[PDB]
Every structure is written in structure tokens, then in C-alpha cells.
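Everything on this sheet refers to the single structure shown next.
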Amino acid sequence: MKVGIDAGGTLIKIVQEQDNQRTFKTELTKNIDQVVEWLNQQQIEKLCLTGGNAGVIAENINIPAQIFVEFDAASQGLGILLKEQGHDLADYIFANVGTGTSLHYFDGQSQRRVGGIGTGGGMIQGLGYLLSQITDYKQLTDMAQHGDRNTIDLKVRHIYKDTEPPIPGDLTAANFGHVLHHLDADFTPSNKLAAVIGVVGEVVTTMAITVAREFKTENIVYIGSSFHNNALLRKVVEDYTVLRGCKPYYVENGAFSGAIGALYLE
Amino acid sequence: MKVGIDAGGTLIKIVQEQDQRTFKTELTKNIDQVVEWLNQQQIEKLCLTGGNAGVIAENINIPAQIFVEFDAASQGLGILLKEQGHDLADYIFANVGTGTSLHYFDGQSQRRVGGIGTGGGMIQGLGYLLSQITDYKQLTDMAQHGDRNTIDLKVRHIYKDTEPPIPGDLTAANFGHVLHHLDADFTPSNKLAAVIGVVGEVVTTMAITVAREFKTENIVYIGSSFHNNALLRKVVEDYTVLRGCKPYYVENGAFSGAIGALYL
Ligand SMILES: Nc1ncnc2c1ncn2[C@@H]1O[C@H](COP(=O)(O)OP(=O)(O)OP(=O)(O)O)[C@@H](O)[C@H]1O
Ligand SMILES: Nc1ncnc2c1ncn2[C@@H]1O[C@H](COP(=O)(O)OP(=O)(O)OP(=O)(O)O)[C@@H](O)[C@H]1O
Ligand SMILES: COCCCCCNC(=O)CCNC(=O)[C@H](O)C(C)(C)C
Ligand SMILES: COCCCCCNC(=O)CCNC(=O)[C@H](O)C(C)(C)C
Ligand SMILES: [Mg+2]
Ligand SMILES: [Mg+2]
């Protein structure tokens, strides 16, 4: 058994390989001690680590472990997954929407980090909590899928009214910009959470399309566990990527790109 | 008297020229009062721009020229920069209004190179949801000495005792420390500082990205979102500098569009 681990800020992704049978396992980073205990009882032929919490694992386990930089690991694993799933992309932006968001240009050969932003899954959870008091991820995301953003977000057409706007009227002009115009109207937990997801999605996508233009690629691959149990986030991102003339791709087990990559790096 | 008006989503900026230049701000909610004021005046030249220009034009009883806000903003900003002793060959300008519009000025003309809904509208709206404060001066004042430490997650918090691949002091996740501090008091000042933080960081990130793309080191920040918000100015300024770019603020930068409308 070969094991790759991407121990990130919020989730630990574990890939176990045995004779080309893969196991994909998610654990909370808060439960890292259990991952360590588990590892110490396993028969491991090779162990590769990546992510911010790789060191916490390495220092507490009884076996050697190779450690890799998460950006290279993510790129390597993502390339593997893309090819397995029948995407032959000459080049692409990849946006890793984790606790935070890291943006990369893959030129066909190697990755380069071309940007990043603190709008990601961490913000969804944290700001989500401040606005709703919900700490449970599944509960938080499920609720948001039922939300309406109309009373919260301001569109271009709301600013331009009955005049022709210089960019499309349906675009978000200001996230949370309708709130002060709806002070009688209600800001239900679902509606508020949908708007949080909305801003995070729009920001990530905006950054991704911008660097896509900069590096002259139309392909944008979105990965990260922030897309799990969040159809709304996937939709916000997908729709706006398409609107901007780019091609969005999601990847089966994309959140495990780093963990897979760690196993296959030299 | 010549008059230029930039009637935006939140504020109406009025520039009056007689000889002497005068600057006046009114709330877009009070657009009816601007209209009343205009209808009394003998105006030799009246120019309008911004989203609510049409509401003004359709309720006034005189003619008016209407200009596109992007060109107007560029024109007026160029004028202000020269008046204030800047000779910039080229630059990004970021207009942080209700929403945020990004432009590359090549020395000759502007091109819109991006935009984002993180701006002054979000500061007010999300600020309200987290603090129940509707008064702008109260909201921004309350944010000024907030502490973001219990709210925001840094790169070094994720990487712990290992060397991170990007600087450890960088924000990794806005609001990403909240779940690690559930026993803590999320005070209104702390929450609002975090709101300003995310807006500032997003705007700056976009500006520095297009600055790299279009090969300019100069980033000029305008918009009324910088009024009564030293913290926003600081978040933006510090991160722009960190990213190897030169940030500029402009006296009356928020009136760039209103001035520009007069001179187009
Ligand atoms: N079971 C879960 N528990 C908590 N968050 C989850 C869960 N499933 C999905 N998420 C979402 O995924 C995000 C984490 O994504 P991911 O695992 O890609 O990041 P990470 O690798 O831990 O973070 P980073 O790469 O920034 O260190 C969370 O912030 C949350 O939005
Ligand atoms: N007195 C005030 N009242 C309300 N908001 C204010 C005030 N002073 C500054 N602001 C801030 O300025 C922002 C509006 O900035 P600005 O005047 O540049 O936008 P706008 O032109 O009205 O909007 P847009 O160009 O996106 O249509 C507000 O969202 C708020 O953050
Ligand atoms: C002082 O901070 C200014 C704000 C800078 C914002 C830019 N932040 C980033 O690029 C980091 C975003 N987060 C990430 O890339 C990931 O979460 C890692 C895990 C930190 C790589
Ligand atoms: C459907 O949502 C699409 C995502 C929108 C993201 C981009 N939005 C924008 O660029 C508009 C931002 N706002 C602005 O430029 C200004 O506020 C104006 C006044 C609308 C020009
Ligand atoms: Mg990660
Ligand atoms: Mg404006």
C-alpha cells in the first residue's frame, strides 16, 4: 500500500493505492491526531505528504515520509485526473479553492502560481457562521442552496435603471449592495449564506478569467473541497466562467489532486 | 455656470465651474433634491454621467449631454493627476465605487480590463448584516480600530511550524479563523475591520494582477469608498507596495467622473 496525503488548513485528503485500486478518504484537519494514529498502524510501502499540516503528520509518525510542495503536487495529480477523465488540455488555469484560493497557470509542461486570494471555503464557513451561527458544514451549505440573493445583491441594471448600461445589466454590480435598499425586507439565513457563496464564487471566477486572459488560455479547471455539497458554488462559478468566454472544468476527485500528486512526484 | 454630475449607485458627485471649481456630494437616495436644485439654475453647460444620469436627465427641464462613466472617469482623473503634480506615463486605475471597475490607461486612452462587486456597496451592506449599523460615518468609524486576528487566517496559521511556499504573513483565508475562535467575542469593530479587509484585499489583488498583465507599476485608486476610511486606504496601500507596485490616491479622486463629463 502506497499513501499520499494532502493535509490542508481544513481537510486532510488521503489517497491509498494498492494495485491500481484507489481509496479516497477525507478527514478533518482538527482530527489530525487520528490520521497519525491510523498511519502508525498501517503497513505502508511509501508515504508522501503535502499541504500546510504535512509537518505535523511527519513529526508524529514512526516512518520516513517524502514531503512535497502543494502547488507542484496539486498540478501533478490534476494532470493525472484530467487525462484519466478524457480531458486533453494543452494548457489551463487551475483554481484551487481550498480554505483559501490559489491560482495557477499550467503551460502544458509545468505550473506557475499566478495569483491567490483569501476568498474560498474558509470564508464560506467563517463568514457563514457569523451570519447564521451554523458551524456544521453540510447544514451550512444545504441551507444556502435554498437562498435567494435578490434582496442582498445589486445588479448593474439596478444602478443604470432605464438607461443602457456599458456592461451587461444582469451582472452583479455590488455584492451585498442591495441590503440598504431592503431594510424592511428579510435577510434570512439561507439568503445571507447564498450571498456569501455568491461573492466567493464571483471573486474566484473573476480572478481566474483575468489570469486566463493574461496567460492566453481559455481553459479554467476548478478544484478544491469547497465545491463538495455546494451546487450553488459550482453554478455561480460555471455560469460566470462561460459568460466571460472561458471553458470551466470540474474534475472527479479534483479535491484529491494534491494527495494523488504527492504519490507521483519525484 | 458649467456643471458636471456623476450620478452613481450611492452618491451623486457635482462639480460646478464658474471662472472657481466647487465640489458637492449628495446621496443618490436624495436625487430629487439634486433635480430641484438644477431646475432653478441658469446653467450654460450641463454634463452628466453614471448609472443615475438618466433619472436626472428625465426629470430636469433643460437639455444635458450624457457621457459614458468609464471615459468620463479617465478624463477627469488625468486632469486631477496633472493638477496634483503627477506625471504618470501609464497606469491602472481602480474605481472603488458602489462596485469596483478596473482600467488600464496607456497614456492616451482607457480600456476597462476588469471589475468586481467588492467595493463600497459591500462594505455598507455586509457591514450592516454584521453590525446593524446603517449610518456610513458610524460604520466606517467603528471599523477603524477593529482587530482582524481572531477572524482572518494567515498562511502561517495553516503552515504552522513549517516553511510556507508564499509569505506566512499573507491572509490565507478572510474569516477563516472564525471557527477556531468560537469562544471569542466577535465584536462589531473586529467584524467590520474584517469586511474592509476582504474588500481591500480583493480590489488590490485584482489591480496588481492587471498591472502585471499590462506591464505598469502604477495603480491609481479612486472612488468615494476611500472617504472616512483610513483603514481601507491602508489595507490597499500596504498590499499594493508589498506586490511591488506604486499606489496613488488623488485629492477629489471621487469627482473624476464629474470633472471628466465637463471636459469631454
Ligand atoms: N466535511 C467538510 N468539513 C468542512 N469543510 C468542508 C467539508 N467538505 C467540504 N468543505 C469545504 O471545503 C473547504 C476546504 O477545501 P480544501 O480541502 O480543498 O482546502 P484545504 O486543503 O483544507 O485548504 P488550504 O489548501 O487552503 O490549506 C472548507 O473550507 C469548506 O468550504
Ligand atoms: N456620505 C456617504 N454616504 C454613503 N456612502 C458613502 C458616503 N461617503 C462615502 N461612501 C462610500 O462610497 C461608496 C460609493 O462610492 P462612489 O461615489 O465612488 O460610488 P458610486 O458612483 O455611487 O457607485 P458606482 O460608480 O458603482 O455606480 C459607498 O458605497 C460607500 O462605501
Ligand atoms: C496581508 O495579506 C494581504 C492579502 C493577500 C491575499 C493573497 N493571499 C493568498 O494568495 C493566499 C490565499 N490562500 C492560499 O493560496 C492557500 O490557502 C494556501 C494554503 C495558503 C497556499
Ligand atoms: C451575474 O454576476 C456576474 C459576476 C459579476 C462580476 C463583475 N461585475 C462587474 O464587473 C461590475 C462591477 N461594478 C462596476 O463596474 C460599477 O459598479 C458599475 C457602476 C456597474 C460600472
Ligand atoms: Mg488544499
Ligand atoms: Mg461611480
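In the C-alpha cells, chains take the letters A, B, ... in the order shown, each chain's residues start at 1, and ligands count up from 1 in the order shown.
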
**Every residue of stretch 1-196 of chain A that DSSP places in strand (DSSP E), as a ChimeraX atom specification** = /A:2-7,11-18,21-28,46-50,66-67,92-97,101-106,111-117,154-155,172-174

For stretch 218-231 of chain B, find every residue with an atom within 6 Å (counting only C-alpha atoms), except residues of its own chain fewer than 2 positions away, and show them as number ranges by chain. B: 91-97, 120, 140, 144, 216, 233-234, 246-249, 253-254

Limited to C-alpha atoms, could you put the picked residues into a file as a compact mmCIF listing (two decimals), in the first residue's frame?
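Heads up, here's the output in out27.txt:
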```
# COMPACT_ATOMS: atom_id res chain seq x y z
CA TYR B 91 -1.37 53.26 -15.00
CA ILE B 92 -4.09 51.02 -13.76
CA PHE B 93 -6.96 52.92 -12.23
CA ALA B 94 -9.33 51.21 -9.83
CA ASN B 95 -12.63 52.97 -9.33
CA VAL B 96 -13.90 51.68 -5.98
CA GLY B 97 -17.48 52.90 -6.06
CA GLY B 120 -18.25 50.35 -1.10
CA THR B 140 -16.56 53.22 8.93
CA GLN B 144 -11.05 51.75 12.24
CA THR B 216 2.67 49.06 -15.45
CA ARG B 233 -6.59 53.14 2.33
CA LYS B 234 -4.02 51.40 4.48
CA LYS B 246 3.07 52.10 -6.58
CA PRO B 247 -0.30 53.12 -5.14
CA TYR B 248 -1.67 56.64 -5.67
CA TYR B 249 -4.60 58.39 -4.11
CA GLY B 253 -10.43 61.49 -6.99
CA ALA B 254 -14.08 60.57 -6.31
```

Using only C-alpha atoms and all ligand atoms, which protein or nucleic acid residues are at most 7 Å from ligand 1, as a count of residues only? 31

- Identify all chain B residues at most 8 Å from chain A by counting only C-alpha atoms; ligands do not count. Present them as a ChimeraX atom specification. /B:8-9,50-52,54,68,98-100,114-119,121-122,124-126,128-130,134,151,158-162,164-165,171-179,198,201-202,205-206,209-210,213

Please save N, CA and C atoms of the selected residues as a tab-separated table (two decimals), in the first residue's frame.
```
chain	number	residue	atom	x	y	z
B	8	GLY	N	-24.00	58.25	-9.39
B	8	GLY	CA	-23.70	56.84	-9.25
B	8	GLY	C	-24.75	56.09	-8.46
B	9	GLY	N	-24.46	54.82	-8.21
B	9	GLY	CA	-25.37	53.96	-7.45
B	9	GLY	C	-25.66	54.40	-6.02
B	50	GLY	N	-22.74	58.41	-15.23
B	50	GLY	CA	-23.08	57.48	-14.17
B	50	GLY	C	-24.43	56.81	-14.37
B	51	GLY	N	-24.67	55.77	-13.59
B	51	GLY	CA	-25.91	54.96	-13.73
B	51	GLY	C	-27.23	55.71	-13.61
B	52	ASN	N	-27.26	56.72	-12.73
B	52	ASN	CA	-28.47	57.52	-12.49
B	52	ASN	C	-28.54	58.82	-13.26
B	54	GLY	N	-29.63	59.19	-16.26
B	54	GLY	CA	-30.96	59.14	-16.92
B	54	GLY	C	-32.11	59.61	-16.06
B	68	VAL	N	-20.33	58.37	-21.12
B	68	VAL	CA	-20.13	57.03	-20.52
B	68	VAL	C	-19.12	57.21	-19.35
B	98	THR	N	-19.66	51.98	-5.63
B	98	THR	CA	-20.63	51.01	-5.07
B	98	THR	C	-20.10	49.63	-5.41
B	99	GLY	N	-19.74	49.49	-6.67
B	99	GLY	CA	-18.90	48.39	-7.15
B	99	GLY	C	-17.58	48.91	-7.68
B	100	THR	N	-16.73	47.98	-8.07
B	100	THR	CA	-15.37	48.28	-8.48
B	100	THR	C	-15.14	47.97	-9.96
B	114	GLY	N	-11.22	44.95	-16.18
B	114	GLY	CA	-11.90	44.12	-15.20
B	114	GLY	C	-12.88	44.86	-14.32
B	115	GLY	N	-13.53	44.07	-13.47
B	115	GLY	CA	-14.42	44.61	-12.49
B	115	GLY	C	-14.85	43.55	-11.52
B	116	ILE	N	-15.41	44.00	-10.41
B	116	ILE	CA	-15.77	43.10	-9.32
B	116	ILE	C	-16.77	43.78	-8.39
B	117	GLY	N	-17.68	42.99	-7.83
B	117	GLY	CA	-18.71	43.51	-6.92
B	117	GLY	C	-18.25	43.80	-5.49
B	118	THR	N	-16.95	43.67	-5.22
B	118	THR	CA	-16.37	44.00	-3.90
B	118	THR	C	-15.94	45.45	-3.94
B	119	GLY	N	-16.68	46.27	-3.22
B	119	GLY	CA	-16.46	47.69	-3.17
B	119	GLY	C	-17.23	48.30	-2.00
B	121	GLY	N	-20.34	49.36	-1.75
B	121	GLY	CA	-21.66	48.70	-1.57
B	121	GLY	C	-21.61	47.51	-0.63
B	122	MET	N	-20.59	46.69	-0.79
B	122	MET	CA	-20.36	45.54	0.09
B	122	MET	C	-19.97	45.96	1.51
B	124	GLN	N	-20.87	48.64	3.03
B	124	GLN	CA	-22.14	49.05	3.66
B	124	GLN	C	-23.10	47.92	3.96
B	125	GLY	N	-23.31	47.07	2.96
B	125	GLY	CA	-24.32	46.01	3.05
B	125	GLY	C	-23.93	44.88	3.98
B	126	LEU	N	-22.75	44.32	3.76
B	126	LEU	CA	-22.24	43.27	4.64
B	126	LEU	C	-21.95	43.84	6.02
B	128	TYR	N	-23.62	46.29	7.49
B	128	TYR	CA	-24.96	46.27	8.10
B	128	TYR	C	-25.33	44.87	8.64
B	129	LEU	N	-25.16	43.83	7.82
B	129	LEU	CA	-25.56	42.48	8.26
B	129	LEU	C	-24.81	42.01	9.47
B	130	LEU	N	-23.57	42.48	9.62
B	130	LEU	CA	-22.74	42.07	10.75
B	130	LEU	C	-22.79	42.99	11.97
B	134	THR	N	-26.39	51.33	9.90
B	134	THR	CA	-26.76	51.86	8.57
B	134	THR	C	-26.05	53.18	8.26
B	151	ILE	N	-10.39	36.66	13.41
B	151	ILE	CA	-11.31	36.46	12.28
B	151	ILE	C	-10.61	35.87	11.06
B	158	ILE	N	-1.86	28.13	8.73
B	158	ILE	CA	-2.02	26.86	8.00
B	158	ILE	C	-0.72	26.06	8.03
B	159	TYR	N	0.39	26.73	7.76
B	159	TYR	CA	1.71	26.06	7.67
B	159	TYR	C	2.39	25.80	9.03
B	160	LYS	N	1.91	26.45	10.07
B	160	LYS	CA	2.31	26.18	11.48
B	160	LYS	C	3.82	26.33	11.64
B	161	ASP	N	4.52	25.24	11.92
B	161	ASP	CA	5.96	25.27	12.16
B	161	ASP	C	6.77	24.81	10.96
B	162	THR	N	6.16	24.85	9.79
B	162	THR	CA	6.85	24.53	8.53
B	162	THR	C	6.94	25.77	7.64
B	164	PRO	N	6.35	28.03	4.72
B	164	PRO	CA	5.35	28.10	3.67
B	164	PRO	C	5.94	28.51	2.32
B	165	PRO	N	5.28	28.14	1.22
B	165	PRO	CA	5.82	28.43	-0.12
B	165	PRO	C	5.54	29.87	-0.59
B	171	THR	N	-2.73	37.02	4.24
B	171	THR	CA	-4.05	36.45	4.51
B	171	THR	C	-4.24	35.20	3.62
B	172	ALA	N	-4.46	34.06	4.24
B	172	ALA	CA	-4.79	32.79	3.53
B	172	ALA	C	-6.26	32.68	3.27
B	173	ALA	N	-7.05	33.08	4.27
B	173	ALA	CA	-8.50	32.99	4.20
B	173	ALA	C	-9.18	34.06	5.05
B	174	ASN	N	-9.85	34.99	4.37
B	174	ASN	CA	-10.65	36.00	5.09
B	174	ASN	C	-11.77	35.28	5.82
B	175	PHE	N	-11.97	35.65	7.08
B	175	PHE	CA	-12.96	35.00	8.00
B	175	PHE	C	-12.63	33.53	8.33
B	176	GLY	N	-11.45	33.08	7.93
B	176	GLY	CA	-11.08	31.67	8.07
B	176	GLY	C	-10.62	31.25	9.45
B	177	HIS	N	-10.42	32.22	10.33
B	177	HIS	CA	-10.09	31.93	11.76
B	177	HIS	C	-11.31	31.88	12.70
B	178	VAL	N	-12.47	32.26	12.19
B	178	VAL	CA	-13.70	32.36	12.98
B	178	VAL	C	-14.01	31.05	13.71
B	179	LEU	N	-13.99	29.94	12.96
B	179	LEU	CA	-14.31	28.61	13.53
B	179	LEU	C	-13.28	28.11	14.55
B	198	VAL	N	-11.31	42.28	3.61
B	198	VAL	CA	-11.59	41.44	2.42
B	198	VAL	C	-11.82	42.29	1.16
B	201	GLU	N	-8.36	43.80	0.09
B	201	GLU	CA	-7.51	42.75	-0.43
B	201	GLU	C	-7.95	42.27	-1.81
B	202	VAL	N	-9.26	42.17	-2.03
B	202	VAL	CA	-9.76	41.72	-3.33
B	202	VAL	C	-9.48	42.77	-4.43
B	205	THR	N	-5.72	42.91	-5.08
B	205	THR	CA	-5.34	41.69	-5.81
B	205	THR	C	-5.69	41.81	-7.29
B	206	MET	N	-6.89	42.27	-7.58
B	206	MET	CA	-7.30	42.47	-8.98
B	206	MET	C	-6.43	43.54	-9.66
B	209	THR	N	-2.88	42.41	-10.39
B	209	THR	CA	-2.90	41.37	-11.41
B	209	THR	C	-2.95	42.01	-12.80
B	210	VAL	N	-3.89	42.93	-12.99
B	210	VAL	CA	-3.96	43.64	-14.28
B	210	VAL	C	-2.77	44.59	-14.49
B	213	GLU	N	-0.27	42.25	-15.93
B	213	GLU	CA	-0.74	41.92	-17.26
B	213	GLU	C	-0.38	43.02	-18.28
```

Expressed in Å, the length from atom CA of residue A:65 to atom CA of residue A:78 is 21.6 Å

Can you list, as a ChimeraX atom specification, all residues belonging to stretch 183-242 of chain A that DSSP tags as helix (DSSP H, G or I)?
-> /A:189-214,225-227,231-242

Those residues you just picked out, can you put them in a file as a tab-separated table (two decimals), in the first residue's frame with N, CA and C atoms?
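For reference, selection-v9.tsv as written:
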```tsv
chain	number	residue	atom	x	y	z
A	189	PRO	N	-31.28	33.45	7.06
A	189	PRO	CA	-30.03	32.69	6.99
A	189	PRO	C	-29.70	32.08	5.62
A	190	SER	N	-30.70	31.52	4.96
A	190	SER	CA	-30.46	30.93	3.61
A	190	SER	C	-30.02	31.98	2.60
A	191	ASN	N	-30.71	33.12	2.63
A	191	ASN	CA	-30.45	34.21	1.66
A	191	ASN	C	-29.04	34.79	1.88
A	192	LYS	N	-28.71	35.00	3.14
A	192	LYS	CA	-27.42	35.54	3.53
A	192	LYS	C	-26.30	34.58	3.10
A	193	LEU	N	-26.49	33.29	3.35
A	193	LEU	CA	-25.50	32.27	3.00
A	193	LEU	C	-25.30	32.13	1.50
A	194	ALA	N	-26.38	32.26	0.76
A	194	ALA	CA	-26.30	32.24	-0.71
A	194	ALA	C	-25.44	33.40	-1.24
A	195	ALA	N	-25.60	34.55	-0.62
A	195	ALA	CA	-24.84	35.76	-0.98
A	195	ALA	C	-23.36	35.64	-0.64
A	196	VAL	N	-23.05	34.95	0.45
A	196	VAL	CA	-21.67	34.66	0.85
A	196	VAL	C	-21.03	33.77	-0.22
A	197	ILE	N	-21.72	32.70	-0.57
A	197	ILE	CA	-21.29	31.81	-1.66
A	197	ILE	C	-21.16	32.56	-2.97
A	198	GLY	N	-22.11	33.43	-3.22
A	198	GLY	CA	-22.11	34.27	-4.42
A	198	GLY	C	-20.84	35.12	-4.55
A	199	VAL	N	-20.50	35.86	-3.50
A	199	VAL	CA	-19.31	36.72	-3.54
A	199	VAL	C	-18.03	35.89	-3.71
A	200	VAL	N	-17.93	34.79	-3.00
A	200	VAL	CA	-16.74	33.92	-3.06
A	200	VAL	C	-16.58	33.36	-4.48
A	201	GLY	N	-17.66	32.87	-5.04
A	201	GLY	CA	-17.67	32.36	-6.42
A	201	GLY	C	-17.29	33.38	-7.47
A	202	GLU	N	-17.90	34.56	-7.34
A	202	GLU	CA	-17.66	35.63	-8.30
A	202	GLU	C	-16.21	36.13	-8.26
A	203	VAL	N	-15.66	36.21	-7.06
A	203	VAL	CA	-14.29	36.71	-6.90
A	203	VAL	C	-13.29	35.72	-7.49
A	204	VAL	N	-13.46	34.45	-7.11
A	204	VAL	CA	-12.59	33.38	-7.61
A	204	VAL	C	-12.62	33.38	-9.14
A	205	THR	N	-13.83	33.45	-9.68
A	205	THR	CA	-14.02	33.33	-11.14
A	205	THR	C	-13.42	34.54	-11.85
A	206	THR	N	-13.69	35.71	-11.30
A	206	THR	CA	-13.11	36.94	-11.82
A	206	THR	C	-11.57	36.86	-11.89
A	207	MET	N	-10.96	36.41	-10.81
A	207	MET	CA	-9.51	36.28	-10.77
A	207	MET	C	-9.04	35.25	-11.83
A	208	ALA	N	-9.73	34.12	-11.89
A	208	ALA	CA	-9.41	33.02	-12.83
A	208	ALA	C	-9.50	33.47	-14.29
A	209	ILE	N	-10.58	34.16	-14.64
A	209	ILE	CA	-10.75	34.66	-16.02
A	209	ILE	C	-9.69	35.71	-16.39
A	210	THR	N	-9.28	36.50	-15.40
A	210	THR	CA	-8.32	37.56	-15.61
A	210	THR	C	-6.96	36.97	-15.94
A	211	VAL	N	-6.52	36.04	-15.11
A	211	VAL	CA	-5.24	35.37	-15.38
A	211	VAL	C	-5.32	34.47	-16.63
A	212	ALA	N	-6.51	33.96	-16.93
A	212	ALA	CA	-6.71	33.19	-18.17
A	212	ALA	C	-6.42	34.07	-19.40
A	213	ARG	N	-6.94	35.29	-19.37
A	213	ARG	CA	-6.67	36.29	-20.41
A	213	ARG	C	-5.17	36.62	-20.45
A	214	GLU	N	-4.60	36.89	-19.29
A	214	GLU	CA	-3.20	37.27	-19.17
A	214	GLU	C	-2.26	36.23	-19.80
A	225	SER	N	-12.01	21.22	-2.17
A	225	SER	CA	-13.15	20.63	-1.48
A	225	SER	C	-14.31	21.64	-1.27
A	226	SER	N	-14.07	22.92	-1.54
A	226	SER	CA	-15.11	23.96	-1.43
A	226	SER	C	-16.30	23.70	-2.35
A	227	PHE	N	-16.07	22.93	-3.41
A	227	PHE	CA	-17.11	22.53	-4.31
A	227	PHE	C	-17.95	21.31	-3.87
A	231	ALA	N	-23.65	22.83	-4.82
A	231	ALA	CA	-24.10	23.02	-6.19
A	231	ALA	C	-24.17	24.49	-6.55
A	232	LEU	N	-24.58	25.33	-5.60
A	232	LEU	CA	-24.67	26.77	-5.85
A	232	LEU	C	-23.32	27.37	-6.21
A	233	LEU	N	-22.29	27.01	-5.46
A	233	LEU	CA	-20.92	27.49	-5.76
A	233	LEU	C	-20.46	27.04	-7.15
A	234	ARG	N	-20.68	25.77	-7.45
A	234	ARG	CA	-20.36	25.23	-8.80
A	234	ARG	C	-21.06	25.99	-9.90
A	235	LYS	N	-22.34	26.28	-9.67
A	235	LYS	CA	-23.16	27.02	-10.66
A	235	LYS	C	-22.70	28.48	-10.84
A	236	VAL	N	-22.47	29.16	-9.74
A	236	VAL	CA	-22.02	30.56	-9.80
A	236	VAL	C	-20.75	30.64	-10.64
A	237	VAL	N	-19.81	29.77	-10.31
A	237	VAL	CA	-18.50	29.72	-10.97
A	237	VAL	C	-18.64	29.34	-12.45
A	238	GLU	N	-19.37	28.26	-12.69
A	238	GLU	CA	-19.55	27.74	-14.07
A	238	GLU	C	-20.21	28.76	-15.01
A	239	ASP	N	-21.32	29.33	-14.54
A	239	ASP	CA	-22.08	30.28	-15.35
A	239	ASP	C	-21.25	31.50	-15.71
A	240	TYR	N	-20.57	32.06	-14.72
A	240	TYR	CA	-19.80	33.29	-14.95
A	240	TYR	C	-18.54	33.02	-15.81
A	241	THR	N	-17.91	31.87	-15.62
A	241	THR	CA	-16.76	31.48	-16.49
A	241	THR	C	-17.20	31.45	-17.96
A	242	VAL	N	-18.32	30.79	-18.20
A	242	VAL	CA	-18.93	30.70	-19.57
A	242	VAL	C	-19.30	32.08	-20.10
```

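Interatomic distance, atom CA of residue B:156 against atom CA of residue B:169: 6.3 Å.
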